[PDB]
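Engineer: Sharing a structure below in C-alpha cells format, with a few things to ask.
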Amino acid sequence: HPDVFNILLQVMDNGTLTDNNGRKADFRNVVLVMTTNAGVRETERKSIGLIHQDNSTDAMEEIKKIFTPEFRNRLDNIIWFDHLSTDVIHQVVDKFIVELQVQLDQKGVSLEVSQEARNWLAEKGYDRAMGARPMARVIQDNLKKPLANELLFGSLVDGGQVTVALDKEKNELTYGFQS
Amino acid sequence: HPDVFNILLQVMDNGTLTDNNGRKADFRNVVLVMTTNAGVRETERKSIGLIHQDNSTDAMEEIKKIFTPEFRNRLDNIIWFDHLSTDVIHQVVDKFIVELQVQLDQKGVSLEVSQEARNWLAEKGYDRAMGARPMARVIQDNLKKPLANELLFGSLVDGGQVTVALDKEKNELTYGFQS
Amino acid sequence: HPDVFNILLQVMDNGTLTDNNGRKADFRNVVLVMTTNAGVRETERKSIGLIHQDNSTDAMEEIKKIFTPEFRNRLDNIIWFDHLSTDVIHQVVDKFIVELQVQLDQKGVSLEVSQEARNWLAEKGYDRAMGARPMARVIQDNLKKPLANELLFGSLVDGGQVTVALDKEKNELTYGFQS
Amino acid sequence: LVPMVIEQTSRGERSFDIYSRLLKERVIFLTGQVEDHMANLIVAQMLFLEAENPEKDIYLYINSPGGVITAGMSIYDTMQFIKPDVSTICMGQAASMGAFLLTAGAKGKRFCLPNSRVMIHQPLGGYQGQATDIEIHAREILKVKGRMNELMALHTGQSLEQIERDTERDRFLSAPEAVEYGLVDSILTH
Amino acid sequence: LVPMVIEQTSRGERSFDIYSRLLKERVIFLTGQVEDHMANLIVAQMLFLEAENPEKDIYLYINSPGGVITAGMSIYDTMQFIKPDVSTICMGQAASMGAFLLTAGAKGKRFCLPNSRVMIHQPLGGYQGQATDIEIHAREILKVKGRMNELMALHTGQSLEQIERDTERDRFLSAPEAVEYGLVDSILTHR
Amino acid sequence: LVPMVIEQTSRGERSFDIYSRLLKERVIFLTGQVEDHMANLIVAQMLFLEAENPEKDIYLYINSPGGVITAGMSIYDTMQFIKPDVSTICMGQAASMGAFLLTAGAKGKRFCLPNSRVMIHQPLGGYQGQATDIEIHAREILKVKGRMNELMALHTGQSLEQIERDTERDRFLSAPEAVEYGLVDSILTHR
Amino acid sequence: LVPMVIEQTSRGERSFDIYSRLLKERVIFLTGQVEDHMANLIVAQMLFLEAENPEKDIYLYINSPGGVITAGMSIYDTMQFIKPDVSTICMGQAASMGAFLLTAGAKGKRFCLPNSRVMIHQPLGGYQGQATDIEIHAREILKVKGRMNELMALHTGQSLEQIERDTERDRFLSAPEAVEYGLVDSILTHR
Amino acid sequence: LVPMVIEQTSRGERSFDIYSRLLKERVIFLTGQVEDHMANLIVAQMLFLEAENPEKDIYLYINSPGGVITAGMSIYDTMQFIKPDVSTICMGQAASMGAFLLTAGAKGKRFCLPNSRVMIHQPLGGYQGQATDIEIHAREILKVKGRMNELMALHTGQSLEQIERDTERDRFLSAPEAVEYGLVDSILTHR
Amino acid sequence: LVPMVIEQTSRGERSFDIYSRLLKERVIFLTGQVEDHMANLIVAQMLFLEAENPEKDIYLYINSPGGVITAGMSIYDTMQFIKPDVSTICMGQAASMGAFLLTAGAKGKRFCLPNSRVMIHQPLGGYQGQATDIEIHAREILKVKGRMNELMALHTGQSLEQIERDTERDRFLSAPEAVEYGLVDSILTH
Amino acid sequence: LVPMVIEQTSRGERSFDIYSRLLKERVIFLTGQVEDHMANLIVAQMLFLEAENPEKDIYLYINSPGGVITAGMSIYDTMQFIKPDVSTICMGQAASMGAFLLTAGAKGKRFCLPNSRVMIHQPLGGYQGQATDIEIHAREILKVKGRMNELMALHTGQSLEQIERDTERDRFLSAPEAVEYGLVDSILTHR
C-alpha cells in the first residue's frame with residue numbers, strides 16, 4: 001500500500017523509524033533490498049501492432065509511474081537481473097543434486113544421476129512465468145519421495161549404489177537400487 | 001491524515017499544546033517547518049493540446065486543497081522551492097567532494113580533483129526532476145567505488161594522494177594511486 | 001480471515017514461529033493437519049435447471065479455489081475422504097449400541113437390537129452433509145429417550161430383557177417391555 | 001429489461017443477469033428466429049462451458065419458429081464434436097431447424113413438454129437471375145435437403161424413405177405423436 | 001427508465017432494480033404483448049425461484065392484452081412442472097392467453113382485483129398457399145383450439161360444451177362474473 | 001438524460017438518479033400516456049413503499065394526457081387495496097384516466113396546484129368487424145362507462161346521474177373549480 | 001455524450017456528469033421543446049434543491065424554443081410554491097411558455113444575456129370535430145390565454161390590456177426591449 | 001466508441017474518457033451542426049472550468065459546418081462573460097456561426113491551422129403564413145443580421161459597411177487570408 | 001443480450017462477455033457481412049493475441065455469408081503478417097471472401113465441419129457513370145480477380161488454371177469435396 | 001460489441017476495450033468514411049499520445065473508403081503539428097482522402113500491405129443554387145483541388161503537373177505501384 005512506501009521514505013534518507021513507544025529504530029547498518037517484477041512484463045512482452053516499438057526504455061518507465069520520484073531518488077541503485085541462459089539452468093540442476101548427494105553421502109548411500117535425467121528436470125522444473133521455483137517441488141516428488149520410502153525398509157537402507165536413468169520410449173525417470 | 005493538521009492550529013496561533021495529563025507545552029521559542037511535495041506532480045504534468053498552457057498556478061491551487069484556510073492563515077509564509085539550475089549543481093558537486101574529503105581525512109587519504117572532472121561529472125548526474133540527490137550517486141559510483149577497493153587493499157591503504165582527472169579522448173575519469 | 005492464512009505460510013517455509021514474549025517454538029517435530037468442509041455445499045447444491053438431475057462430482061476444484069495458490073505449493077499432498085457406503089454405516093450404529101449396553105450392565109438390564117432396527121437407525125442417523133453426526137442424537141432420541149420413561153416406571157424397572165421391533169407398514173420402532 | 005439475480009457464493013455475493021446464472025449451470029437458451037448473429041452466441045456458450053467442465057452435460061431449450069438453414073446448422077455441428085451431451089427440450093414450439101436441433105441431442109437426454117407443438121418441412125429457398133446460375137443454385141439445395149433427411153434419420157432411426165415422405169410437406173407432430181415418431185422422449189415430471 | 005431501490009441487508013446496502021427487487025420476493029410480471037422473448041424471460045425467473053426455495057410459492061401478476069399462443073404455452077407447462085404453486089393475480093386486464101395462464105394458477109391462490117376485466121376468445125390464425133397446404137395447416141389450428149378447451153376445463157372445471165360455445169366468440173368476463181364462472185376462486189381484497 | 005443526486009447518510013454517500021431519490025421519499029411520478037408498461041412501474045413502486053413503511057402516506061404527481069383505460073384500473077386497484085393513503089397531486093394536466101386517479105386518492109389528501117387544469121370524458125374506443133362481434137365489444141364500453149362513473153361518483157361524492165350527463169362531453173375544470181366539483185379537497189398553496 | 005467531471009472533496013473524489021455537477025450548485029438547464037417528460041426532471045430537480053437548502057436561490061437557464069403550454073405550467077407552479085427564489089436566465093431564444101418561465105423569477109433576480117432574444121405570443125392550438133366540442137375546447141385556450149396575460153401582468157407589471165395587445169401576434173423582444181417591457185430586471189454584462 | 005485513457009494522478013490510477021481527459025485540460029471540442037442541446041453542453045464546460053482555475057485560459061476547437069443561430073449566441077455570450085480567455089482554433093472548417101465564435105476569442109489567443117478553411121454568410125431563414133406575421137419575422141432576420149455584422153466588426157476590426165457588403169454573398173477565407181481579414185491573429189503552424 | 005460469464009482467478013472474480021472470455025483462449029469468431037469496422041475488430045484481436053503469446057496458435061471461426069472484398073484483405077494480410085498460426089474452422093456458410101479467409105489459414109491447421117457449406121465465386125462488383133470512368137473501374141475489378149485467384153492457388157495449392165476456371169461461374173462445394181480440392185486439410189475428428 | 005482485454009498490473013487488473021488497449025500502445029484506428037465527428041476522435045487520440053511520450057512514434061491504421069475533405073484537414077494538420085512522427089499503414093484500401101492521410105506520414109514510416117489498394121481522384125463536391133452563388137462556390141472547390149495536389153506533391157515528391165494528370169481522373173494504385181509512385185517507401189513485410 002502507499003502508506004507502507006511512505007514509511008520507507010524516512011528509512012532511506014534518515015536511517016531511523018519511530019515506533020508506538022517512541023523508541024528510535026537506529027538501523028543505519030542494515031542493508032535494504034527489495035524485489036519486484038514490475039518491468040519484466042514489458043521486456044518479455046512485445047509491443048502490440050504490426051510494427052514493434054523500442055521497448056528498451058519501456059521497462060524503466062513503468063518503475064517511474066509505480067514508484068514515486070522521491071522513493072526512487074533515495075535508492076542507491078537499481079539492479080536489473082537477466083533471464084537464465086541454457087547453460088546456467090543446467091548448473092542449477094547440479095546444485096540441487098549436490099545437496100541431495102552430500103545429504104545421502106554421509107548416510108552411506110551413493111547417488112549417480114544420469115545426464116539425461118538432469119536435462120529433463122530442467123525443462124519441467126523451470127517455468128518462464130514462475131521461474132525455477134518448481135525445481136524444489138519436482139525434485140522432491142521425483143527423487144525424495146521414492147528414495148525415502150525404501151530408506152527405512154528394503155535394500156536401499158545400506159549399500160547405496162543408486163543410479164538414476166531416463167528412458168526414451170516414455171521419457172520417464174527410471175530408478176536403480178542395489179545392496 | 002488531514003485531521004492531523006488540526007493539532008498544529010493552536011501551536012501556530014495559541015502557542016501551546018496540552019497533553020493527556022494537562023501539561024501545557026510552549027512553542028514560542030520553537031521554529032516550525034513543514035515539507036511537502038503536493039504541487040510538484042501538477043507542475044511537471046504535461047498538458048494535452050496544441051497550445052501548451054502554463055501550469056505554474058497549479059502549484060498553489062493544490063496546496064490550498066490539502067491545507068484548509070485556517071491552517072494556511074496561521075503560516076508566517078509559504079516558501080516555494082525552485083528546481084536547481086546547472087550553476088547550482090557545480091556548487092553541489094564541490095559540497096559532496098568536500099564531504100568525501102572529510103571521510104578520507106580520518107583515514108589520512110587526501111583527494112584532489114581537477115576542475116574538468118567536476119564539469120563532466122555534473123553533466124552526467126544533472127537531473128532537474130531529481131534535484132541534487134543524483135549527484136550523490138555519481139560521486140558514489142565514480143569516486144567512492146574505485147576508492148573503496150584501494151582503501152581496503154592496495155596503494156591507498158596508507159598515504160593517499162589520490163588524483164582524479166579526465167582525458168578528453170576517452171571521456172572517462174582517470175584515477176592515480178600514489179600511496 | 002486472510003491474515004490467518006499468512007501465519008501458516010510462515011511456519012511452512014521457515015519452520016519456526018516467533019512469540020511476542022520472545023519464546024522460540026520449533027515445528028520440526030510437530031505434525032500439522034487441517035480439515036476443510038468445503039465443496040459439500042456445491043455438491044448438495046440444487047441445480048437451477050428444469051430437470052434438477054445435474055450432479056457436480058467435481059468438489060476438488062472448489063477446494064483449490066477457496067485456498068490461495070501459494071498455500072497449495074507448500075502442501076505436498078491433500079487428503080480426500082470419499083462418501084461412505086450404507087453397509088459401513090451399520091457398523092457405526094453398533095458402536096453406539098455397545099456403549100449403551102455397557103451402561104445398562106451396571107443396572108442388570110439387557111438390550112437386544114434386531115437387524116431390521118439397525119437399518120432404520122442408519123438411514124435416520126446418516127445425513128449426506130453431516131454424515132454420522134446425527135447418529136448420536138438419533139440413537140439417543142429413539143433408544144434412550146423412551147427407555148428412561150419405562151425404566152423410571154413400568155416393567156423395565158427390574159428384570160431387563162429389553163426387545164426392539166419395527167412395524168413394516170408404518171416403519172415405526174416399537175420396543176417391547178418385559179419384567 | 002433482464003432482471004438481475006444475486007448468488008451467495010463462499011467468497012461473497014455476486015450479481016449478474018438471469019441468463020448468465022442459467023449459463024453457469026450449463027443451461028443454454030435458444031429463442032426467436034435463428035440467424036447468423038445469435039448462432040455464434042449459442043456456439044460461444046457451448047465452447048466456453050466445454051472448457052470449464054467437459055465431464056458435465058449441457059442443456060438447450062428450443063423455442064424458435066424457424067430460421068435460416070446455414071445459421072441453424074452451425075449449432076448442430078457444435079453438439080457433435082463436443083463430449084458434453086447437449087440435452088434438447090422443446091418449449092412452446094419447434095420448426096424445421098428447431099426440430100432438427102431438438103432431435104440432434106444425445107439419445108435419451110432429449111425431452112419434451114406435453115403441450116409442445118412441432119413442425120417440420122423441407123428447406124424453402126429461391127434464386128432469380130440467369131438460368132445457368134439458377135441451375136447450380138437449384139441443384140445445390142436438393143443436396144442439402146437430402147443431407148437433412150439423412151442426418152435426421154440417424155438420430156431418429158427411421159427409414160430414409162419414410163422421413164423424407166413426411167418431411168416433403170408441412171407435418172405437425174404433437175408431444176405424444178413425437179414420442180411415437182421417435183423425435184423426442186417425454187419429460188420426467190416425477 | 002426503471003427506478004432503482006436499495007435493500008438494507010444485514011451485510012450492507014445493495015442496489016436493485018424495481019423488477020429485480022420484486023423478483024427477489026417471488027414476484028413475476030407478465031407485462032406487454034405475449035412473445036417468445038418475453039415469455040422466455042418468465043421461464044427463467046420461475047426456474048431460478050424454484051431452486052432458491054421450492055417450498056415457497058411463487059406469485060405472478062397477469063397484465064397483458066394477449067398475443068401469440070405458441071409462446072404463451074411455454075409458461076403453462078413450466079408453471080405446472082415446477083413444484084412451487086404459481087399464484088396468478090390478474091391486474092388490469094387478462095386476454096385469451098392471459099386468462100389461460102390465469103386459470104393455470106394453483107387452486108385457492110388465483111385472484112382478481114375488484115375492477116379487473118377478463119376476456120377470452122379462440123385462437124386467431126391464418127395461412128396462404130395452395131388448397132392442399134391450407135387443409136393440413138388448418139388441421140393444427142383446430143387441434144390447438146380444441147386442446148386449449150380441455151386444459152381450460154381441467155382448472156376451471158366447467159363442461160367442455162360450455163367453454164366451446166363461449167370460446168367461439170369474444171366474451172368479456174368482469175371480476176365478479178369471473179369467480180362465478182369458475183376461472184378464479186375469489187377476489188383479493190383482504191386477508 | 002436523468003441527473004444523479006447524492007444522498008448523505010451516516011453510513012456514507014450514495015448516488016441515485018433524480019427519480020430514484022424522490023422514490024425513496026415515497027414520491028411517485030405518473031408522467032405520459034397511461035400504458036401497461038408505465039403502469040407496472042407505478043404499481044411496483046407502490047408495493048415497495050408499502051413493505052418499507054405501510055403507515056406513511058404515498059404521494060403521486062399526476063401529469064398525464066390520458067391513455068389506456070385497462071392499465072389505469074391496475075394502478076387504481078392497487079391504490080385502494082394497499083393500506084397507505086395514496087395522496088395525488090395534479091401537476092400541469094389531468095385527463096381521462098389521469099384525473100380518475102387524482103380523485104381516487106384518500107379523502108383529505110388530494111390537492112391541485114393553483115394553475116393546474118383537469119379534464120374528464122367518457123371512454124373512447126372502436127372496433128371493426130361483423131355485427132355480431134361489434135355487439136359484444138359495444139356492450140363492454142357501456143359496462144365500463146357505468147362502472148367508471150360509479151367510481152368517480154364514490155370518490156367525488158356527486159350523484160351518479162350528474163357524472164354521466166357531465167361526462168358525456170369534455171369538461172374543462174380549473175384548479176379552483178375542482179374543489180367545488182369534489183375531485184380534490186383543496187388547492188396546494190401551502191401545507 | 002455528456003463529459004464527466006471530478007469533484008474534489010475531503011472524503012474523496014466523486015465522478016459526476018456535467019449536468020449533474022451543475023445541479024449540485026443549484027443550476028437547472030431548461031433546453032429543448034417543453035414536454036411532460038422533460039418537465040418532470042425540472043420539477044424533480046427544483047424539489048431536490050429545496051430539500052438541500054430551502055433558503056438559497058435556484059437558477060434556471062431557459063434556452064428552449066417553447067412547447068406544450070400546460071406542461072410548462074407545472075414548472076411555474078413549483079417555482080412559486082417552493083420558498084427558494086428561482087432566478088431565471090435567458091440563453092439564446094425564448095418563446096411561448098419559455099418566456100413565461102423567464103419572467104416568473106423573483107423580483108431583482110431575473111436577468112438576460114446581452115444578445116439573448118425573447119419572443120412572446122399567445123397560445124396556438126387547434127381541434128377538429130363536432131361544433132359543440134370545438135366550442136368547449138376553444139373556451140379552454142381562451143381561458144388559458146387570459147390567465148397567462150393576468151399572470152404575466154403581475155410579474156412584468158404591464159396592464160392586462162397592453163400584454164394582451166402585444167400577444168395577439170408574435171413580438172420579438174430583444175434583450176434591451178425585454179428589460180424595458182418588464183420581462184427581466186437587467187442584463188448580465190456587468191450585473 | 002470512445003477510447004478510455006488512464007491518468008497517473010498523485011492519489012492513484014484514474015480512468016477517464018477521451019473527451020473527459022481533454023476537458024480536464026481546459027480543451028473543449030465544438031463539432032457538428034450547432035444546436036440547442038450541444039450548445040448547452042459547451043456552455044456547461046465553460047462555466048465549470050471558470051471556477052476550477054479562472055486565471056488560466058480555456059481553449060476551443062471549432063470544427064462545425066454551421067447550425068442554429070440562436071444556440072450559437074449562448075456560447076458567444078458565455079465566452080465574453082467568463083473572465084478566462086476562450087482561445088479558439090479552427091480545425092478543418094468554420095462556417096458563419098463557427099467563424100463568429102472563432103473571431104470572438106480574446107485578442108492574441110486566436111489561431112487557425114494552415115490548411116483550415118473559414119466561411120461567412122448572412123443568416124438564412126424563412127417564414128410561411130400570414131403577411132403581417134412575415135413582416136414581423138422579416139424584420140427580425142434583418143435585425144439579427146445587423147447584430148452579427150456589428151459584433152463581427154468589433155472582433156475582426158473591419159468597418160460594418162465592409163462586413164455587410166462581403167457578407168451579402170458567402171465568402172470563403174483561407175488561413176492566410178483570414179488573418180488579413182482580422183478574424184484570426186496568427187497561423188498555428190508553429191509558435 | 002450477450003451473456004456475462006464469470007472467470008475464476010486467484011486475484012479475484014472477474015466478469016467478461018462470452019466473446020471476451022473466448023478471446024482469452026485464442027478463440028475468435030467471425031460472422032455477418034464483411035465490413036470495414038467488423039474487419040478492423042478482428043484485426044485488433046489478432047494483434048493483441050500475438051503480443052500475449054506469439055507461439056500459441058490462434059483459432060478463427062467463420063460463419064459469414066460474404067461481404068466487401070477490400071475490407072477482407074485487411075484480415076488476410078494481418079493473418080499472414082502475425083507469427084501465430086491462425087487456424088480456420090468454417091462452422092457455416094462461407095462465401096467467396098469468407099472462403100478466402102479459410103484458405104488463408106496456416107497449412108496443416110485449417111479445418112471445416114462435416115455439414116458446413118462453402119461456395120466460391122468470382123468477385124462481384126458494379127459501377128456506373130461516364131464511359132471513361134467505367135473503364136478504369138472495370139480494369140481494377142479484373143485486377144482484383146487476378147489477385148484473388150493467384151493467392152487462392154498459392155494457399156490451396158491447386159493449379160491456377162483450375163482455380164480461374166471454376167471460379168468464373170457460381171460454385172457450391174461441400175465439406176468432404178473440399179478435401180479433394182485442397183481447400184481444407186480435414187474435418188474435425190471429435 | 002467491442003471485446004474487453006485485461007492487462008495485468010501490480011495493484012489490480014484493469015479492463016479496457018480492444019480499441020483503447022491498442023491506443024495505449026500508440027495504435028490509432030481510422031475506419032469508415034471520414035467525418036467531423038470521427039475525425040475529432042482521431043485528433044484527440046493524437047494529442048493525448050503526444051503528452052504521454054513526445055518521442056515515440058504514432059501508428060495510424062487507414063482502412064477508410066473516403067470522406068469529406070474538410071474533416072480530413074483536421075487530421076492532416078494535427079499530424080504535422082505534433083512532434084511525434086505518425087506511421088501510416090494502409091489496411092485494405094485507401095481512397096482519395098485516405099491516401100492523402102497515408103502519404104502525409106513522416107518519410108520512411110509510411111507502409112502498405114502487399115494486397116492493399118490505393119485510389120486517388122479529384123473531389124466530388126457539388127453545389128447548387130443561383131448562378132451567382134455557384135460561381136463563388138465553384139471557385140472555392142478549385143482552390144481545394146489545387147491545394148491537395150500541392151500537398152500531395154511535397155509528400156509524394158512528384159511535380160504538380162504529374163499529380164494533376166493522375167488526379168484528373170480516378171486511378172487505382174496497387175501496393176507495389178504505390179512504392180513506384182512515391183507514396184510509401186516499401187511494403188510492410190519485415191520490421
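Chain labels follow the order of the C-alpha cells: the first chain is A, the next B, and so on; residue numbering restarts at 1 in every chain, and ligands are counted from 1 in their shown order.
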Report the residues of chain H whose backbone DSSP state falls under strand (DSSP E or B), written as a PyMOL selection string.
Structural biologist: chain H and resi 4-8+13-17+27-31+58-63+86-90+93-94+110-112+117-120+171-174+186-187
Engineer: Residues of chain H near chain G: apply a cut-off of 10 Å, count only C-alpha atoms, and supply the list as an mmCIF file with C-alpha atoms, in the first residue's frame.
Structural biologist:
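Written output follows (iface28.cif):
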data_model
loop_
_atom_site.group_PDB
_atom_site.id
_atom_site.type_symbol
_atom_site.label_atom_id
_atom_site.label_comp_id
_atom_site.auth_asym_id
_atom_site.auth_seq_id
_atom_site.Cartn_x
_atom_site.Cartn_y
_atom_site.Cartn_z
ATOM 1 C CA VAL H 2 -14.887 6.458 -27.110
ATOM 2 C CA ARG H 11 -3.713 9.802 -5.410
ATOM 3 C CA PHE H 16 -11.203 8.915 -17.887
ATOM 4 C CA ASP H 17 -12.818 9.235 -21.288
ATOM 5 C CA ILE H 18 -11.016 10.706 -24.286
ATOM 6 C CA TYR H 19 -13.133 13.872 -24.087
ATOM 7 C CA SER H 20 -13.234 13.952 -20.277
ATOM 8 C CA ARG H 21 -9.431 13.874 -20.073
ATOM 9 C CA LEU H 22 -9.172 16.733 -22.563
ATOM 10 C CA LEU H 23 -11.878 18.680 -20.723
ATOM 11 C CA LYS H 24 -9.743 18.457 -17.579
ATOM 12 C CA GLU H 35 -27.978 23.048 -31.842
ATOM 13 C CA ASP H 36 -29.598 23.927 -28.528
ATOM 14 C CA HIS H 37 -28.551 20.674 -26.841
ATOM 15 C CA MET H 38 -24.914 20.590 -27.963
ATOM 16 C CA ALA H 39 -24.544 24.336 -27.365
ATOM 17 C CA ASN H 40 -25.748 23.873 -23.787
ATOM 18 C CA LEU H 41 -23.112 21.184 -23.255
ATOM 19 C CA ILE H 42 -20.376 23.552 -24.440
ATOM 20 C CA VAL H 43 -21.646 26.297 -22.124
ATOM 21 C CA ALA H 44 -21.616 23.855 -19.206
ATOM 22 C CA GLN H 45 -17.956 23.023 -19.853
ATOM 23 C CA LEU H 47 -18.770 27.538 -16.580
ATOM 24 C CA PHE H 48 -17.270 24.516 -14.811
ATOM 25 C CA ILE H 69 -28.052 30.921 -34.857
ATOM 26 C CA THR H 70 -29.929 31.206 -31.533
ATOM 27 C CA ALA H 71 -27.964 28.440 -29.805
ATOM 28 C CA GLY H 72 -24.677 29.902 -31.032
ATOM 29 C CA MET H 73 -25.252 33.241 -29.303
ATOM 30 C CA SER H 74 -25.391 31.474 -25.933
ATOM 31 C CA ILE H 75 -21.836 30.219 -26.449
ATOM 32 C CA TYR H 76 -20.519 33.629 -27.531
ATOM 33 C CA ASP H 77 -22.110 35.453 -24.592
ATOM 34 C CA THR H 78 -20.691 32.934 -22.122
ATOM 35 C CA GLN H 80 -17.211 37.066 -23.111
ATOM 36 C CA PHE H 81 -18.919 36.724 -19.719
ATOM 37 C CA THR H 132 -48.380 40.579 -41.242
ATOM 38 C CA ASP H 133 -46.550 37.777 -39.419
ATOM 39 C CA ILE H 134 -43.970 37.581 -42.221
ATOM 40 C CA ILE H 136 -42.580 40.790 -38.037
ATOM 41 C CA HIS H 137 -40.332 37.821 -38.802
ATOM 42 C CA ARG H 139 -37.531 42.498 -39.632
ATOM 43 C CA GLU H 140 -36.194 40.009 -37.074
ATOM 44 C CA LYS H 143 -32.204 42.772 -37.177
ATOM 45 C CA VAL H 144 -30.148 39.667 -36.371
ATOM 46 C CA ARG H 147 -26.273 42.455 -34.862
ATOM 47 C CA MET H 148 -23.805 39.869 -36.180
#
Engineer: So which residues touch range 51-65 of chain B within 7 Å, counting only C-alpha atoms, skipping near sequence neighbours fewer than 5 positions away, as a list in words?
Structural biologist: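 Here the qualifying residues turn out to be residues 38, 39, 40, 42 and 43 of chain B.
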Engineer: Residues of the last selection are to be written out with N, CA and C atoms, as a short mmCIF file (atom, residue, chain, number, x, y, z; two decimals), in the first residue's frame.
Structural biologist:
data_model
loop_
_atom_site.label_atom_id
_atom_site.label_comp_id
_atom_site.auth_asym_id
_atom_site.auth_seq_id
_atom_site.Cartn_x
_atom_site.Cartn_y
_atom_site.Cartn_z
N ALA B 38 3.32 18.38 -2.78
CA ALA B 38 1.99 18.24 -3.36
C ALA B 38 1.94 18.78 -4.79
N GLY B 39 2.26 20.06 -4.96
CA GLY B 39 2.21 20.72 -6.25
C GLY B 39 3.30 20.34 -7.23
N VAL B 40 4.21 19.45 -6.85
CA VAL B 40 5.31 19.08 -7.75
C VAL B 40 4.78 18.33 -8.97
N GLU B 42 1.80 18.26 -10.26
CA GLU B 42 0.95 19.09 -11.10
C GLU B 42 1.78 20.01 -11.99
N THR B 43 2.87 20.56 -11.47
CA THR B 43 3.71 21.45 -12.27
C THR B 43 4.39 20.70 -13.41
#
Engineer: Identify which of the residues H:186, H:96, H:167, H:149 lies closest to residue 111 in chain H, counting only C-alpha atoms when measuring atom-to-atom distances.
Structural biologist: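 So, comparing all the options, the nearest one is H:186.
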Engineer: Skip range 38-48 of chain I itself and residues of its chain fewer than 4 positions away, then list as a list in words all residues within 7 Å of it, counting only C-alpha atoms.
Structural biologist: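 Here the qualifying residues turn out to be residues 48 and 49 of chain A; 34, 52, 71, 72, 74, 75 and 78 of chain I; 18 of chain J.
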Engineer: Using the selection just defined, write its residues with N, CA and C atoms as a compact mmCIF listing (two decimals), in the first residue's frame.
Structural biologist:
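What ended up in selection_18.txt:
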# COMPACT_ATOMS: atom_id res chain seq x y z
N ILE A 48 2.21 -4.32 -28.94
CA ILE A 48 1.12 -4.72 -29.81
C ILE A 48 1.17 -3.90 -31.10
N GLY A 49 0.80 -4.54 -32.20
CA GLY A 49 0.78 -3.91 -33.51
C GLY A 49 1.69 -4.63 -34.49
N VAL I 34 -18.93 -8.92 -44.34
CA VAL I 34 -17.66 -8.28 -44.06
C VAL I 34 -17.81 -6.77 -44.20
N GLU I 52 0.41 -11.33 -26.54
CA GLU I 52 0.23 -12.17 -25.36
C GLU I 52 1.07 -13.43 -25.45
N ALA I 71 -12.19 -4.76 -47.63
CA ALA I 71 -12.02 -4.88 -46.18
C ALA I 71 -11.52 -6.26 -45.79
N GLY I 72 -11.92 -7.30 -46.53
CA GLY I 72 -11.48 -8.64 -46.21
C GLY I 72 -9.98 -8.83 -46.32
N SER I 74 -7.68 -6.81 -45.38
CA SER I 74 -7.05 -6.37 -44.14
C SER I 74 -6.94 -7.52 -43.14
N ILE I 75 -7.92 -8.43 -43.15
CA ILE I 75 -7.88 -9.57 -42.24
C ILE I 75 -6.89 -10.61 -42.77
N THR I 78 -3.25 -9.38 -42.34
CA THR I 78 -2.93 -9.41 -40.92
C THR I 78 -2.63 -10.83 -40.46
N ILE J 18 -10.78 -3.30 -26.70
CA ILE J 18 -9.72 -3.64 -27.65
C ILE J 18 -9.17 -2.40 -28.33
Engineer: Following superposition of chain I onto chain D on all C-alpha atoms, paired in order, what is the C-alpha RMSD to one decimal in Å?
Structural biologist: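 Computed on C-alpha atoms only, the RMSD stands at 0.8 Å.
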Engineer: Show me, as JSON, numbers by chain, the residues that have an atom within 12 Å of residue 135 in chain A when counting only C-alpha atoms, minus same-chain residues fewer than 6 positions from it.
Structural biologist: {"A": [89, 90, 92, 93, 94, 95, 96, 97, 118, 120, 121, 122, 123, 124, 125, 126, 127, 141, 142, 143], "C": [73]}
Engineer: Write a file of the just-selected residues containing C-alpha atoms, as a PDB file, in the first residue's frame.
Structural biologist:
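Produced file part_37.pdb, reproduced below:
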ATOM      1  CA  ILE A  89      19.975 -23.635 -15.884  1.00  0.00           C
ATOM      2  CA  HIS A  90      21.894 -26.899 -16.310  1.00  0.00           C
ATOM      3  CA  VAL A  92      21.249 -25.255 -11.194  1.00  0.00           C
ATOM      4  CA  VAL A  93      20.267 -28.919 -11.507  1.00  0.00           C
ATOM      5  CA  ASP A  94      23.754 -29.941 -10.380  1.00  0.00           C
ATOM      6  CA  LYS A  95      23.479 -27.608  -7.374  1.00  0.00           C
ATOM      7  CA  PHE A  96      20.290 -29.263  -6.113  1.00  0.00           C
ATOM      8  CA  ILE A  97      21.674 -32.758  -6.715  1.00  0.00           C
ATOM      9  CA  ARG A 118      19.248 -33.647 -15.357  1.00  0.00           C
ATOM     10  CA  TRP A 120      14.562 -33.414 -18.301  1.00  0.00           C
ATOM     11  CA  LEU A 121      14.214 -31.932 -14.806  1.00  0.00           C
ATOM     12  CA  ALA A 122      15.381 -28.531 -16.081  1.00  0.00           C
ATOM     13  CA  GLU A 123      12.582 -28.081 -18.632  1.00  0.00           C
ATOM     14  CA  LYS A 124       9.824 -29.384 -16.352  1.00  0.00           C
ATOM     15  CA  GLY A 125      11.217 -27.736 -13.217  1.00  0.00           C
ATOM     16  CA  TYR A 126      11.909 -24.269 -14.671  1.00  0.00           C
ATOM     17  CA  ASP A 127       8.892 -22.319 -15.926  1.00  0.00           C
ATOM     18  CA  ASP A 141       8.271 -35.639  -5.765  1.00  0.00           C
ATOM     19  CA  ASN A 142      10.601 -37.185  -8.365  1.00  0.00           C
ATOM     20  CA  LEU A 143      13.590 -38.140  -6.158  1.00  0.00           C
TER      21      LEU A 143
ATOM     22  CA  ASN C  73       2.521 -25.081  -3.292  1.00  0.00           C
TER      23      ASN C  73
END
Engineer: Do a neighbour search on residue 5 in chain D at 8 Å with only C-alpha atoms, toss out local chain neighbours closer than 2 positions, and write the hits as a PyMOL selection string.
Structural biologist: (chain D and resi 3+7+15-18+21) or (chain E and resi 20+24)
Engineer: Write the residues you've just listed into a file as a PDB file, in the first residue's frame, and include C-alpha atoms for each of them.
Structural biologist:
ATOM      1  CA  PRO D   3     -33.958  -8.918 -14.102  1.00  0.00           C
ATOM      2  CA  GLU D   7     -25.682 -15.613  -5.959  1.00  0.00           C
ATOM      3  CA  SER D  15     -24.768 -10.021  -9.233  1.00  0.00           C
ATOM      4  CA  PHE D  16     -25.374 -10.957 -12.871  1.00  0.00           C
ATOM      5  CA  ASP D  17     -28.188 -11.291 -15.397  1.00  0.00           C
ATOM      6  CA  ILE D  18     -30.689 -14.133 -15.196  1.00  0.00           C
ATOM      7  CA  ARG D  21     -26.827 -17.511 -13.976  1.00  0.00           C
TER       8      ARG D  21
ATOM      9  CA  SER E  20     -35.211  -7.294  -9.688  1.00  0.00           C
ATOM     10  CA  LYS E  24     -36.245 -11.487  -5.022  1.00  0.00           C
TER      11      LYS E  24
END
